[PDB]
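First comes the structure, then the notes that go with it.
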Amino acid sequence: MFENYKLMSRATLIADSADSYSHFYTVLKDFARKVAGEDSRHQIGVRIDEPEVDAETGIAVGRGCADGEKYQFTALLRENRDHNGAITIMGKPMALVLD
Amino acid sequence: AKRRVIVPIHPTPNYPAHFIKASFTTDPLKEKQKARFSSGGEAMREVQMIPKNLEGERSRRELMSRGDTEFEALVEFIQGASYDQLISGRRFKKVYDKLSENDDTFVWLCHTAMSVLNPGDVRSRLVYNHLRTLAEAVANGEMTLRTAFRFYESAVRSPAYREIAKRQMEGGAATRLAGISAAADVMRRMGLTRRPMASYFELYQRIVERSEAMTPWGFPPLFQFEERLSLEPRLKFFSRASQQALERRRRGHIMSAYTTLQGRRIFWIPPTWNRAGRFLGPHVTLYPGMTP
Amino acid sequence: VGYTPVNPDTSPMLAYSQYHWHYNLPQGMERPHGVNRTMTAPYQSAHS
Amino acid sequence: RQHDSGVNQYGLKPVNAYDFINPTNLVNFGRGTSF
Amino acid sequence: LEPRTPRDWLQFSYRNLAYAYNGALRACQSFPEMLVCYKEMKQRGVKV
Amino acid sequence: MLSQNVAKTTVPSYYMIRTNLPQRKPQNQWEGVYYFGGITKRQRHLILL
Amino acid sequence: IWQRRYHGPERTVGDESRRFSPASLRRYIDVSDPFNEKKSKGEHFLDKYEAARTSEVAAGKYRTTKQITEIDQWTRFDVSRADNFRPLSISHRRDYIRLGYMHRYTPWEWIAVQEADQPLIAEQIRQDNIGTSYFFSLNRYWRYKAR
Amino acid sequence: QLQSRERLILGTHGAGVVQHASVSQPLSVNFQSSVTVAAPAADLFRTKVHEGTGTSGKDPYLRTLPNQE
Amino acid sequence: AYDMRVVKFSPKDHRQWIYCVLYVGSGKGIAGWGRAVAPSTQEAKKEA
Amino acid sequence: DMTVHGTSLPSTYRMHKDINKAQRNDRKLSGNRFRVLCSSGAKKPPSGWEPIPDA
Amino acid sequence: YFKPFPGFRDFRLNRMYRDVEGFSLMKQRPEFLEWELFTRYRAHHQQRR
Amino acid sequence: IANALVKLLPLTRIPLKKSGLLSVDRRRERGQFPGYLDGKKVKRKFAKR
Amino acid sequence: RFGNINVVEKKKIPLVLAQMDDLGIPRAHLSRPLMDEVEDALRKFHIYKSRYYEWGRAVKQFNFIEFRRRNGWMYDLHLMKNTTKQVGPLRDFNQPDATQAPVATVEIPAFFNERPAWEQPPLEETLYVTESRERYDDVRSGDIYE
Amino acid sequence: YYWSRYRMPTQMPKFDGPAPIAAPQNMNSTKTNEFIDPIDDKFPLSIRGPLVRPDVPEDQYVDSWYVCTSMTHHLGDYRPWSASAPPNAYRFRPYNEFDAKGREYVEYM
RNA sequence: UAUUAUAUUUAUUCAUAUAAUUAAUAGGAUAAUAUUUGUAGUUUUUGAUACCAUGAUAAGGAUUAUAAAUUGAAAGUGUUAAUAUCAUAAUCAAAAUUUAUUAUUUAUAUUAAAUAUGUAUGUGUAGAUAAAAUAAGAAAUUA
RNA sequence: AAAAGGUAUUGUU
């Protein structure tokens, strides 16, 4: 509603006030279509972003946290075209990190 | 008693008589009681419903340059969706009253159309003029709802009235279409509304909604219109809240009455450390979630 | 309030209230106090 | 008008002598009074 | 409606705008106006 | 005798003990510190001589 | 960089003058698309199925365009607006305090008062031509000694 | 690169935004009637360094360019 | 004649509701009388 | 005090005591005591100064 | 100035910057496409630079 | 890791969103408090007269 | 309004003397008339760390105060001035409903929000001595400094 | 005196009103919180959302002293989220490339 | 009825005060001159005290909630702003338990820095009692 | 969650 009001102008307000219901429809127009329309056009399924990967470096830098203070890590996740699996934590092999 | 003495605070340059007399009392049988309120510049006018006493040119300038008050109220309500403002129940309620201004005339004319068995020929200009003049003076406050309805049902219609009726009506209660057409004509001839279709719409919908009630056309004469003791507006008869009929649902914390400020509560009167035990503010969030 | 009084130089309630300057008004310099320049005393010391 | 006529901006409106001598009655009617 | 605070960003992407412009056109009935709604779907950078 | 030596303290009252008003002027911030640079009448006569 | 002006952040591009408007305050700006992104720059192959201007009753751009004055308001913040530079003097500012103004930057004049009214300490100059005195300066007089 | 700057930004007193060549004559609108017609600039008056009288642009109500070099 | 009647907004809270009687008349024919209860002198006067 | 005012003023607490003296010796008397730092001048007034007996 | 985020060049007023010192085509009001060609030639002199 | 993979291949967001790997447990300990014997939860012994 | 500013262009003078000492031009090899103003400037804007460690002495403050006193000047001084006339604001015709109330106070000088040179009577240093004195009779509402 | 700076240029607010609408005036057993706005709070969240101060870059607010509130250093003059970002900035990012930890680490590499 | 769960877990040995005088300003080098180097009128009052001497901020969970949110409140708990008229009680070391309102270290290794607790082995053991649904992981009898 | 009295008139000390 607010934004439909915003899209109006001085001239169009002055105009569509002479009908004296025109402007209430100009504003509530989406609400009119709602209250009379037994439908939700809107079920926006899931947000699906763009890839933000360090171009030269081939890394994704993703943040993560636990307890908000005591654990705050970041994954540098890199694409590996040679099938050589390897997971690293704090600069050391993951098995020897995570015991 | 270890009796307490309070020397009366006398007015000063700094501490005026009004404050020193209401913010302070020298008789300590009222100490630590509670916080009173009162209304000033615009709160007083908002509550007291004192209409501006008009004038000529100046009040008419302020009054002519009004424009569609109902809309401008709506503008002011929505604008709380902008970045620098919040949507406020006070704005919504100024909208709600600027839209429900013509509650009196509407509840009346609905009573007239639908609670008056056999109202003459309302479309006949005689009873139509009774109707026009009564509803005209029901708005404009000169008449009450109750007295005006009695003036309606008592106005002079036609001689040998029962005898003309028992010829046209079996059980006496005529068709209501002439009545409601007359009332919509009433409120569209008298500019009770700025936006015309509104008159008819309320006149129509209030009737439709009542059509569902048991004894949907009897009203206990006391509660029916204004009197001393009335019904809550959800329970009024041709009123706008009667469809807003619902109720609340509460799961209180183990500690729910203590935290009466902790939530994301709008504060009109902000806390200060003298009453505020450990409260931090309505914006702080001790348990934050990570998010872009 | 008290015999051991308020001190107008440390206390935020005083320094901030309407008879002083609040922290959210832009705390600038209000007027430049040139005092040692309008008429400077002569140098006269107790100790000769 | 704009408000109901059985109340004043101070409470209930006093009608008869009882209300005017005992104005508790206008602003208090049980542990669940609300304006 | 665009995002004006980083909250609306969370419910926002052009590839999601696609499923919704499709709601627009699947509910639309004439091609002379599916013309303008497809014109807008291509003009706003909707990931087709 | 002198005018500007007007009362900066009030009539010694109980509004000192009962109210938070400041019994002394709040220190200014943009005031310099008062030093003495100045030559007397005799001292200026000496330099001119 | 070949500066073209001594001041602006990007000196290295010119000053493209723009067309004057005799309707200087009478311009208009569509706001559903401020930047004119909704326009045809070339006739399309989908231009043919176009239903005419019939029933296109309220061509939304014509009812979204605003005259320019409308988008922003000159509110009391703008009527007490504080400057974005060091003002040379605000003596004229008869709207100084009662009307609700406070400068964003102390004016040059009162900075000059605040510089003048007070001295300069001799230990702010740090002149030096002799060097460090290896033997005496530390065993200098027991009063002016380096504790 | 402001055009004719040597007469506009440098030597036009009021920076080219202020219009000096006018009177205090009264016009019947409520805005321009608030300004009384001022009897002209004194013939032989020795005026100050910053203030003129306001007859022309070069002799404006407040001279703008400094006396500095 | 003004009066004062204690008003008990609660068991713990009591107010002094001054109670006015007054008659607003003009011998030109028209005269009414109102009595009121209100917490203050001038507010009870206006109410009456 | 001698610079901004003339006199050297007491504490707020002292002038409290002194005002209460001023007033509780206005409405009534005969409750006081005479505690001094030095008594030689009270036990031994000057050549004159014969104090007044009240009533 | 009156669009989203006017770049810093868009707060300074419509002052007569000298790049209209030379264009003998447009006299005082550039006629149809006159301004568009003058701006194309602003581009041309910029490619010149 | 979940945000790393959403950032490297976006359309993998949807399984990650749905599985709740991009979910933040909005949880922390009870802060450090002296009114608690362990600092976190237990209030000191309460005794009636 | 607040002072003769270019008195501050007498601040570099001691730095001028330092750059002299470092250039090898003896300050005693000046003129004595010029050294008059320069010794004045050295006691004006120049201080030694030793005089700075003890120039803010309270009694030094208060002898400046007493000298200004017996020279009859307590207008510029902080303690010894009493500004009892606190200026009011321009009321607004557009908002006549709000009981306007303050956000701050400052003891600014009186020329800022002044009744203009025509809205006040003609010269009042001479013809109309204005004094805002306190009433001896009690005033509850109404200023104390009439 | 030094008590005369503590003077005043209006006339006061006069206590000539009744309690505003829905003010918590104490009836018998109403647990009273004087602070909460009586309307704007009970106005449902399904409408109003959990905003208690404008959605606007938090560096515009300052936490008040002594008052459990938060006020803006510029006295209520606001600049929206989109003034704290480049034009059309994606998620109002500093540079539309990466987030807070993406920037620093692209930079380290 | 619905807008939705306490019957589980971990707990109980608890203590520290001492040796009387609160009444005021007094500028010092690199400054055009004060011995003001070293500024000498005693003794007319009395409350915050060992003693009556008003006010003003804590502890305490039992039904405003689920989403983008916190499981801590006003009813005032010693020191505080107008009642006077018993007495100096105030830490500069080394100190005297009766005060309800307290989480102690549990059997491989036991005194080094202002000195630093020598008592109570006992079948986890009477009675009544403590805490908690919060980054931990709990599940079913509403007024 | 819903209905309750006073010889008291800050009112069961």
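By convention here, the chains of the structure tokens are called A, B, ... in the order presented, each chain's residues are numbered starting at 1, and ligands are numbered starting at 1 in the order presented.
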
Which residues are near stretch 12-29 of chain L? Cut-off 7 Å, only C-alpha atoms (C1' of nucleotides), ignore same chain within fewer than 5 positions. Put them as a ChimeraX atom specification. /A:46,48,67 /B:287-290 /L:2-3,6 /O:134-135

Skipping near chain neighbours, those fewer than 4 positions away, what residues fall within 10 Å of stretch 22-35 of chain E using only C-alpha atoms (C1' of nucleotides), listed as an mmCIF file with N, CA and C atoms, in the first residue's frame?
```cif
data_model
loop_
_atom_site.group_PDB
_atom_site.id
_atom_site.type_symbol
_atom_site.label_atom_id
_atom_site.label_comp_id
_atom_site.auth_asym_id
_atom_site.auth_seq_id
_atom_site.Cartn_x
_atom_site.Cartn_y
_atom_site.Cartn_z
ATOM 1 N N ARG A 41 -0.743 -15.421 -4.755
ATOM 2 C CA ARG A 41 0.240 -15.390 -5.833
ATOM 3 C C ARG A 41 1.629 -15.696 -5.295
ATOM 4 N N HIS A 42 1.858 -15.374 -4.025
ATOM 5 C CA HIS A 42 3.170 -15.426 -3.405
ATOM 6 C C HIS A 42 3.323 -16.692 -2.571
ATOM 7 N N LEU E 17 12.208 -14.598 -9.068
ATOM 8 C CA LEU E 17 11.305 -13.765 -9.852
ATOM 9 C C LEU E 17 10.756 -14.508 -11.054
ATOM 10 N N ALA E 18 11.482 -15.517 -11.519
ATOM 11 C CA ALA E 18 11.038 -16.286 -12.664
ATOM 12 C C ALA E 18 9.767 -17.057 -12.346
ATOM 13 N N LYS E 39 7.547 -8.697 -21.929
ATOM 14 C CA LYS E 39 8.459 -7.582 -22.115
ATOM 15 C C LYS E 39 9.074 -7.160 -20.794
ATOM 16 N N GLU E 40 8.263 -7.045 -19.746
ATOM 17 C CA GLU E 40 8.822 -6.688 -18.447
ATOM 18 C C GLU E 40 9.656 -7.816 -17.868
ATOM 19 N N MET E 41 9.220 -9.056 -18.007
ATOM 20 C CA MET E 41 10.046 -10.121 -17.475
ATOM 21 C C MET E 41 11.416 -10.156 -18.123
ATOM 22 N N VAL E 48 15.845 -15.981 -16.895
ATOM 23 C CA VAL E 48 14.775 -16.695 -17.580
ATOM 24 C C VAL E 48 14.921 -18.193 -17.361
ATOM 25 N N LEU G 46 8.634 -8.693 -31.662
ATOM 26 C CA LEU G 46 7.416 -8.828 -30.880
ATOM 27 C C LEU G 46 6.603 -7.555 -30.841
ATOM 28 N N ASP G 47 6.901 -6.584 -31.706
ATOM 29 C CA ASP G 47 6.143 -5.341 -31.696
ATOM 30 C C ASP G 47 4.805 -5.503 -32.396
ATOM 31 N N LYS G 48 4.637 -6.582 -33.155
ATOM 32 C CA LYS G 48 3.483 -6.736 -34.026
ATOM 33 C C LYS G 48 2.226 -7.173 -33.297
ATOM 34 N N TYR G 49 2.324 -8.104 -32.354
ATOM 35 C CA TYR G 49 1.159 -8.608 -31.639
ATOM 36 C C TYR G 49 0.625 -7.594 -30.642
ATOM 37 N N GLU G 50 1.050 -6.346 -30.747
ATOM 38 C CA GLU G 50 0.796 -5.355 -29.725
ATOM 39 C C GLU G 50 -0.645 -4.885 -29.807
ATOM 40 N N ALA G 51 -1.421 -5.176 -28.766
ATOM 41 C CA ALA G 51 -2.740 -4.575 -28.648
ATOM 42 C C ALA G 51 -2.610 -3.060 -28.575
ATOM 43 N N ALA G 52 -3.548 -2.375 -29.215
ATOM 44 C CA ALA G 52 -3.462 -0.931 -29.388
ATOM 45 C C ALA G 52 -3.566 -0.229 -28.037
#
```

Contacts of stretch 21-27 of chain I at 8 Å or less, counting only C-alpha atoms (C1' of nucleotides), minus same-chain residues fewer than 4 places along, as a PDB file with C-alpha atoms, in the first residue's frame?
```pdb
ATOM      1  CA  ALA I   1     -20.876  25.690  46.158  1.00  0.00           C
ATOM      2  CA  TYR I   2     -17.799  23.571  45.545  1.00  0.00           C
ATOM      3  CA  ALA I  31     -30.929  29.022  32.710  1.00  0.00           C
ATOM      4  CA  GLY I  32     -29.621  25.580  33.472  1.00  0.00           C
ATOM      5  CA  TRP I  33     -27.771  24.160  36.427  1.00  0.00           C
ATOM      6  CA  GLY I  34     -25.071  21.588  36.409  1.00  0.00           C
ATOM      7  CA  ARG I  35     -23.312  19.751  39.174  1.00  0.00           C
ATOM      8  CA  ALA I  36     -20.139  17.806  38.432  1.00  0.00           C
ATOM      9  CA  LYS I  45     -16.190  23.758  37.133  1.00  0.00           C
ATOM     10  CA  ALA I  48     -20.517  21.225  35.651  1.00  0.00           C
TER      11      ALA I  48
END
```

If you run DSSP over the backbone, which residues in stretch 59-132 of chain M end up helix (DSSP H, G or I)? Put them as a PyMOL selection string. chain M and resi 59-70

Writing out the chosen residues with N, CA, C and O atoms as a PDB file, in the first residue's frame:
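Once everything was written out, this is part.pdb:
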```pdb
ATOM      1  N   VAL M  59      45.429  31.011  42.783  1.00  0.00           N
ATOM      2  CA  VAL M  59      45.603  32.397  43.177  1.00  0.00           C
ATOM      3  C   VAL M  59      46.030  33.246  41.992  1.00  0.00           C
ATOM      4  O   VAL M  59      45.708  34.427  41.935  1.00  0.00           O
ATOM      5  N   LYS M  60      46.734  32.678  41.020  1.00  0.00           N
ATOM      6  CA  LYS M  60      46.978  33.416  39.791  1.00  0.00           C
ATOM      7  C   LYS M  60      45.691  33.687  39.030  1.00  0.00           C
ATOM      8  O   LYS M  60      45.483  34.812  38.551  1.00  0.00           O
ATOM      9  N   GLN M  61      44.825  32.685  38.920  1.00  0.00           N
ATOM     10  CA  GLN M  61      43.476  32.918  38.430  1.00  0.00           C
ATOM     11  C   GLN M  61      42.794  34.058  39.167  1.00  0.00           C
ATOM     12  O   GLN M  61      42.212  34.953  38.543  1.00  0.00           O
ATOM     13  N   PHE M  62      42.883  34.054  40.486  1.00  0.00           N
ATOM     14  CA  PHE M  62      42.089  34.970  41.280  1.00  0.00           C
ATOM     15  C   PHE M  62      42.715  36.349  41.377  1.00  0.00           C
ATOM     16  O   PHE M  62      42.012  37.310  41.668  1.00  0.00           O
ATOM     17  N   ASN M  63      44.000  36.482  41.080  1.00  0.00           N
ATOM     18  CA  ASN M  63      44.567  37.812  40.939  1.00  0.00           C
ATOM     19  C   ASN M  63      44.279  38.392  39.570  1.00  0.00           C
ATOM     20  O   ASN M  63      44.096  39.602  39.449  1.00  0.00           O
ATOM     21  N   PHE M  64      44.192  37.560  38.532  1.00  0.00           N
ATOM     22  CA  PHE M  64      43.568  38.059  37.312  1.00  0.00           C
ATOM     23  C   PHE M  64      42.156  38.534  37.595  1.00  0.00           C
ATOM     24  O   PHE M  64      41.748  39.593  37.113  1.00  0.00           O
ATOM     25  N   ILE M  65      41.409  37.779  38.397  1.00  0.00           N
ATOM     26  CA  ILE M  65      40.029  38.154  38.703  1.00  0.00           C
ATOM     27  C   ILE M  65      39.981  39.475  39.458  1.00  0.00           C
ATOM     28  O   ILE M  65      39.224  40.376  39.102  1.00  0.00           O
ATOM     29  N   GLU M  66      40.785  39.611  40.513  1.00  0.00           N
ATOM     30  CA  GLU M  66      40.768  40.833  41.311  1.00  0.00           C
ATOM     31  C   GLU M  66      41.316  42.029  40.537  1.00  0.00           C
ATOM     32  O   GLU M  66      40.881  43.159  40.774  1.00  0.00           O
ATOM     33  N   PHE M  67      42.256  41.815  39.613  1.00  0.00           N
ATOM     34  CA  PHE M  67      42.712  42.919  38.784  1.00  0.00           C
ATOM     35  C   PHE M  67      41.622  43.369  37.828  1.00  0.00           C
ATOM     36  O   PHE M  67      41.416  44.571  37.630  1.00  0.00           O
ATOM     37  N   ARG M  68      40.939  42.424  37.191  1.00  0.00           N
ATOM     38  CA  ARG M  68      39.799  42.804  36.374  1.00  0.00           C
ATOM     39  C   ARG M  68      38.737  43.490  37.218  1.00  0.00           C
ATOM     40  O   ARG M  68      38.079  44.427  36.756  1.00  0.00           O
ATOM     41  N   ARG M  69      38.594  43.064  38.466  1.00  0.00           N
ATOM     42  CA  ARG M  69      37.630  43.669  39.372  1.00  0.00           C
ATOM     43  C   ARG M  69      37.948  45.136  39.617  1.00  0.00           C
ATOM     44  O   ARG M  69      37.123  46.010  39.334  1.00  0.00           O
ATOM     45  N   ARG M  70      39.147  45.426  40.125  1.00  0.00           N
ATOM     46  CA  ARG M  70      39.532  46.799  40.428  1.00  0.00           C
ATOM     47  C   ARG M  70      39.838  47.623  39.186  1.00  0.00           C
ATOM     48  O   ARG M  70      40.044  48.832  39.309  1.00  0.00           O
TER      49      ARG M  70
END
```

Should the cut-off be 12 Å, what would the residue list for chain N against chain L look like, counting only C-alpha atoms, as a PyMOL selection string? chain N and resi 97-99+101-102

Can you spit out the residues from that selection as a PDB file, in the first residue's frame, using N, CA, C and O atoms?
```pdb
ATOM      1  N   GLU N  97      31.177  -8.014  -4.720  1.00  0.00           N
ATOM      2  CA  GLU N  97      31.847  -9.276  -5.003  1.00  0.00           C
ATOM      3  C   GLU N  97      31.586 -10.313  -3.917  1.00  0.00           C
ATOM      4  O   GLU N  97      31.000 -11.369  -4.183  1.00  0.00           O
ATOM      5  N   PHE N  98      32.016 -10.037  -2.685  1.00  0.00           N
ATOM      6  CA  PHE N  98      31.975 -11.030  -1.619  1.00  0.00           C
ATOM      7  C   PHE N  98      31.552 -10.400  -0.302  1.00  0.00           C
ATOM      8  O   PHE N  98      31.498  -9.179  -0.150  1.00  0.00           O
ATOM      9  N   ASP N  99      31.266 -11.272   0.655  1.00  0.00           N
ATOM     10  CA  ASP N  99      30.785 -10.867   1.960  1.00  0.00           C
ATOM     11  C   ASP N  99      31.951 -10.518   2.867  1.00  0.00           C
ATOM     12  O   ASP N  99      33.096 -10.371   2.432  1.00  0.00           O
ATOM     13  N   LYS N 101      33.766 -11.991   5.025  1.00  0.00           N
ATOM     14  CA  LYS N 101      34.978 -12.788   5.088  1.00  0.00           C
ATOM     15  C   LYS N 101      35.505 -13.110   3.703  1.00  0.00           C
ATOM     16  O   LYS N 101      36.671 -13.485   3.562  1.00  0.00           O
ATOM     17  N   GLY N 102      34.677 -12.963   2.671  1.00  0.00           N
ATOM     18  CA  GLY N 102      35.175 -13.125   1.321  1.00  0.00           C
ATOM     19  C   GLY N 102      36.133 -12.028   0.919  1.00  0.00           C
ATOM     20  O   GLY N 102      37.171 -12.302   0.310  1.00  0.00           O
TER      21      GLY N 102
END
```

Between atom CA of residue G:80 and atom CA of residue M:90, distance in Å (one decimal): 13.7 Å

Can you work out the spacing between atom CA of residue M:27 and atom CA of residue M:41 in Å, to one decimal?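 Taking atom CA of residue M:27 and atom CA of residue M:41, their separation equals 13.8 Å.
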
One decimal place gives the atom CA of residue G:34-atom CA of residue G:67 separation as 12.0 Å

Residues within 6 Å of stretch 4-14 of chain C, please, as a PyMOL selection string. Count only C-alpha atoms (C1' of nucleotides); anything in the same chain fewer than 2 positions from it doesn't count. (chain C and resi 2+16-17) or (chain F and resi 22+26)

Tell me the residues of chain K close to chain N, meaning within 10 Å using only C-alpha atoms, as number ranges by chain. K: 4-7

Since we have the selection now, will you write its residues out, keeping C-alpha atoms, as a PDB file, in the first residue's frame?
```
ATOM      1  CA  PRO K   4      18.965   7.093  -7.630  1.00  0.00           C
ATOM      2  CA  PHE K   5      22.297   8.125  -6.195  1.00  0.00           C
ATOM      3  CA  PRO K   6      23.370  11.081  -8.307  1.00  0.00           C
ATOM      4  CA  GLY K   7      27.084  10.690  -8.814  1.00  0.00           C
TER       5      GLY K   7
END
```

Near chain C, which residues of chain M fall within 7 Å when you count only C-alpha atoms, and what do they look like as a ChimeraX atom specification? /M:2-3,64,67,76-77,102-106,108

Residue I:4: which residues within 10 Å, counting only C-alpha atoms (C1' of nucleotides), same-chain residues fewer than 5 positions away excluded, as a JSON list (two decimals) with C-alpha atoms, in the first residue's frame?
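File out.json, as written:
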```json
[["chain", "number", "residue", "atom", "x", "y", "z"],
["D", 21, "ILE", "CA", -21.92, 11.97, 46.74],
["I", 15, "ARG", "CA", -8.08, 11.18, 44.89],
["I", 16, "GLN", "CA", -9.73, 14.41, 46.00],
["I", 17, "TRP", "CA", -12.61, 14.86, 43.59],
["I", 18, "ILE", "CA", -14.00, 18.33, 44.07],
["I", 19, "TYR", "CA", -17.71, 18.40, 43.35],
["I", 20, "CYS", "CA", -19.20, 21.58, 42.01],
["I", 37, "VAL", "CA", -17.49, 15.64, 40.07],
["I", 38, "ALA", "CA", -13.93, 16.10, 38.88],
["I", 39, "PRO", "CA", -10.53, 15.91, 40.53],
["I", 40, "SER", "CA", -9.70, 19.60, 40.23],
["I", 41, "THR", "CA", -11.41, 22.90, 40.87]]
```
